[PDB]
Every structure is written in structure tokens, then in C-alpha cells.
Amino acid sequence: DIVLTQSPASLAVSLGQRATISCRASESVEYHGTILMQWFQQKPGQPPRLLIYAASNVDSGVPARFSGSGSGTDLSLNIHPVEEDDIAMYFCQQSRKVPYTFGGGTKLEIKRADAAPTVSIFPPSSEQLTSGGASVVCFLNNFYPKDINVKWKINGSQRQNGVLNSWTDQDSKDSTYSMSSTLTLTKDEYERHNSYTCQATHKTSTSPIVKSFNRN
Amino acid sequence: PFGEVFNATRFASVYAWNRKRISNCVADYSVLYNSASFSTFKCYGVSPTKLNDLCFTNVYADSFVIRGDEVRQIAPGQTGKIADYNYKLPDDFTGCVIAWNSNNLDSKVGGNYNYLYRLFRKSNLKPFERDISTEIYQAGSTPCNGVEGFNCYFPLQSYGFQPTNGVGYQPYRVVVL
Amino acid sequence: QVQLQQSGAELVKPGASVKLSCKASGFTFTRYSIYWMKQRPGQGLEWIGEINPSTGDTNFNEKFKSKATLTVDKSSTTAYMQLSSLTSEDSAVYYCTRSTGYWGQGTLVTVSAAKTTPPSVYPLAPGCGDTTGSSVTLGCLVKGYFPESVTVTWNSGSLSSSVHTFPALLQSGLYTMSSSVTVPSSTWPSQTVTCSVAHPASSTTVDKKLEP
């Protein structure tokens, strides 16, 4: 059991730049002239694809932008012109001794100019009320960088109990990030107020970007 | 002499380099450099203007199609994939090697899979040797047994020549002596 | 083309066994060794146990107790892995791979005693005072389902650009996710938009039309 330790665990690079990740092995993964290392790429929501085999050889269908280097115990995966679709996790895997071992991974995210989140609020459907519940949704799409904060207000007062947040990985088209926030509540607890408000706080706006509605 | 080697409609593959002989005839190595625009005429031993005055059965022509970045490998003492695994010149190499671009012939939208090259081999090629073995190359302590996987690779890779590729990733064509 | 179609998205009661299938296409089944991989969110990829589509196989002592790999050389051209005595450390995504190219889609196994609850889909359309704009964002909320595995598709794929699938959240044994789609405002109030949510673990599919 060779331990594979990847570094860095998270690399951010710019469009067209070069990105390099490294993989250390407890033992030498070399054998009789070949280094038995493989590099795999797993885009967000896809199965992994083999990028590199035998440490330095490229698989069919992989652009020349990817290269493999290193020696025996320390290996490196290089991307010479990083393109927007490279947002993915990158795993190193060895194959000189059974069991075949993998590395910890390396999330590659892409640097771009700031983007303000487009925020949109959505009242609960009239049919969820018949079920007895009421969920108010708020989407915060296409923002950069990742850092974003969300405040839910109701009739002016902040609420922080029934709030659930979900984040997406960086998009291959925008290099941005989106987020969903759901304020779930009882139909009875929902009809006892009027105004609901979703407030976003981001680098791009000194003031909170607000969407809101009233129950009328 | 003959010109159907350079002006051939189909060239060989690197790992299966095509050799042609010429004897009991006359060869003019000067006017060869006229139907030229040759991007390479690397020459070791004697100048072709001087070698134009003698000739055994030494007249040999090795034709194939390599990668741009790899043309520098068809030279004595060089290492790499083609030198160790496809076509190895000796150290006593007395002759010339002629090359030229041919992207308008050996390239396709969607890649040209006709030209291949050997990518793995248990030992380096002895000089002037032709290996057309197609056995699954055992990379690790595992006999493969006619099945590919992690290690145990198919030894012959395709160039996949596209025109959008760079000049290094572009086709070519070589000669010998 | 080379395709590895895995089955899956399966709920398995704790302690039972399961058999995951992976059908191969586009290549000769016997020339390529097949590997099985385990990935749990939180942990990296783990272990490559291989079958040579011609008798032989080799595993890892860590899985040499719960993993049994077989295959049907016949018209199936399908590799099978049986997982035995599934504990909560066994719920994960399992991949079949060909040592080259893309892996299979991955089978998500969920080992729980919970009953399969189907998703409840709700439409999220703005109303009563929205100032339109150059574009409008609609959404579908998929709430209260188990186990995980839900795929939302807008207009059968006509609206694949400007789509956002937010990962699911587990709050009290049930999963909740959301999907957003942005379209030109000149369309939606006229040309209708429909959201189609698919739950394979319940073999159900629900379509909702978003209306102001």
C-alpha cells in the first residue's frame, strides 16, 4: 500500500496560464523502465476520465495541453494553456503494487473578473400550502468570487432558523458560482406575515443586493 | 537512380520504415537538391557534392512519416521514442537525411490514423532494425495475457494528424543513405 | 462509441446483498481488463479490483470479503459486482472502468432501512409585481425524497443553457434539491416551460408547468 499525497489540495489559476499539481508516493512506482502512474480528471458531475497513463503518455481524446512529468517518487501533471473547461478534480493513481492506490485529489478552479450575483426570490407554490408547508426560494446565480452571504428578512426582522443553503461547483461556461437558499416554514406561520426578503452580500456591491415580495 | 521514392503517393509508417535499394545504376546526388525546397538535409561524413564521385550497394533509401518535433530524432546518437523504438541510426552513420513538411497531404479534419509509431519496447532498437511486433507490452510484474489495462499497453500509437495542430504536431517525411 | 452503461441508484436494506451491472459497448469485451472503483463523498477514490474477461480476477484484502466480481462473456457483454453484507460504510458511488477513457456513469448505493419516499416537485415562478427585465429565472423545487438520485430536465433539453442544479440537502431523513433556468422574458409567459424531475430509485417521473 503506497500512500499517494497530492499537493496542492486546491489550485486557482487564470485563463491561459499554466497549472501544475504534484503527487508524492511513499515508494517508487517505477518498474523496468516505466513509471506506473496515471492521472484522472473528474469534472463536476461527471465520471473520471483517464488523462495520463504510464506517467508521461497521453490517452486518446486528451488535448496536448496536458503533460505528465516527474520521476519514480515525485510526479507532476501540467496544463500549459488552462482553458475554461478544465474546472475539475484531479486524481493521481499508482499501479506498481496491488492494491492500486489513489491520491487525495486537487480541485482546480478558475480565476476571472468579479461578477455580481443575479438574485431572484420565489414565493411558495399554492399547493405546498395545501400540504401544510411553505418554502420560499431564492437563487443567487453567476457570482464571482465564491464568497457570498445571505440574510433572510420577514416583515423587517431577520430570520435564521428555517434557512438551508446549497452551493454549486464552478461552472464550465461562466467560471462563476450559483447558490440556492430555501426558507421553509409552516403555512400557518407563513400567513401571519406579509413581506419576505432575500438579501445577498458580495464583494461586488457595498450595499446588500435585495429581492423581496409581499403576500398581496 | 529513381524519383518514385520522394514522389511516392503513399509513404510508410515509422515503426515499419520502408527501405528501397539502388544498384547497377547511376545516381546524381546534385540535381536531387533541385526538386527540393527541403526543410532538412542533415549530413554526416562527406558532403554530397563530394560523394557524387563513387558508389557501392550503399545506396539505400528509408522512407516513413514522423512528427515535426521528432524530425530531430533521425540523427546519430539521439534518443527518444523513434530512435529507441522505431528507427535507430548507427554511430558510424555516413549519409544524409532529407525532410520536408507535408501537412497538406498527411492530415485530416478529425485526424489521420494511417501513420503509426511504436511507443513501448522491452529494449532499444539496434541500429538499422525494423520491428513490426504488435504484442501487448508488459509494463509491470504481470504477464498481461493478451488483455490491456493498467500497464500492459498496446505498443503502436496513432499520430492522429489534424491540420489545426501546430508545426511540431504536423506531419513530415524522411530519407536515408 | 465506447460506452459503459451502469445500472444502479439503488436502496439496499442494511446487511443485505446487491449486484451492480455494467454493460459495455463499442469495444471488444475480451481485449480490455475491467476495474471496479469505490468513491465516497469525503474520501477520495479507493481501490482497483480487476477482472480479466477470461476467468482470472484480483481484488484487495480490504474488499476481499464483500466484493465478488463476475462477468458474462456472452451477448450480455456485462460485468457484475456483488457487494455482500452492506454496512453504512458501503453506501457510495461505484464505477466500472476500462483503464482508458471515461468511466461508467457510476452506481449510487444507499444502505438504509428507510422506505423509498418519492419527490414532491413545486414550481417556482415569480408573480404579483415582478418588473420582468431582459430575462426571467424559473425554478423547480424537488423536496422530500429518498434515497438520493434525482435528475431535473427542462423542456426535454431545449433549455440546457443557463441551467443550475443545486446539490441536495438532507434535513430529516429526506433530500431536497432545486433547479433554476433563465430564459428570455419574451418567451416564458408565451412559450411554456416545463420541468421534468426523474427519481430512478422510485421509478417515477413528474412534470410541472410553470405559470404566473
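Counting begins at 1 with the first residue displayed.
So this one's X-ray crystallography, 3.0 Å, going by the header.
Any Cβ shown, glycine's included, is placed from N, Cα and C.
Copied over from Swiss-Prot, here are the features:
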type: CARBOHYD; residues: B:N7; note: N-linked glycosylation site
type: DISULFID; residues: B:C43-B:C96; note: disulfide bond
type: REGION; residues: B:101-172; note: region 'Receptor-binding motif'
type: REGION; residues: B:112-120; note: region 'Immunodominant HLA epitope recognized by the CD8+'
type: REGION; residues: B:119-154; note: region 'Disordered'
type: DISULFID; residues: B:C144-B:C152; note: disulfide bond
Under 8 Å Cβ-Cβ from the region 'Immunodominant HLA epitope recognized by the CD8+' (B:112-120), and at least six residues away from its ends along the same chain, one finds 11, 13-16, 65-67, 81-82, 85-86, 106, 131, 137, 139, 153, 155-162, 171
Whole-number Å only: compute the distance from the Cα of B:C43 (disulfide bond) to the Cα of B:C144 (disulfide bond).
-> 43
Out of B:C96, B:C144, B:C152, the disulfide-bonded residues in the record, which is closest to B:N7 (N-linked glycosylation site) when you go by Cα distance?
-> B:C96
Alpha-carbon spacing, B:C144 (disulfide bond) to B:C96 (disulfide bond), which is rounded to whole Å | 41
Do any residues at least six apart in sequence from B:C96 (disulfide bond), in the same chain, have a Cβ closer than 8 Å to its Cβ, and if so which, in order?
-> B:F41, B:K42, B:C43, B:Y44, B:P48, B:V175, B:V176, B:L177
Under 8 Å Cβ to Cβ from B:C152 (disulfide bond), same chain, six or more residues apart: give me those in sequence order, or none if nothing qualifies.
-> B:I136, B:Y137, B:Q138, B:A139, B:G140, B:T142, B:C144
Out of B:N7, B:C43, B:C144, which of the recorded positions has the smallest number of neighbouring Cβ atoms within 10 Å?
-> B:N7
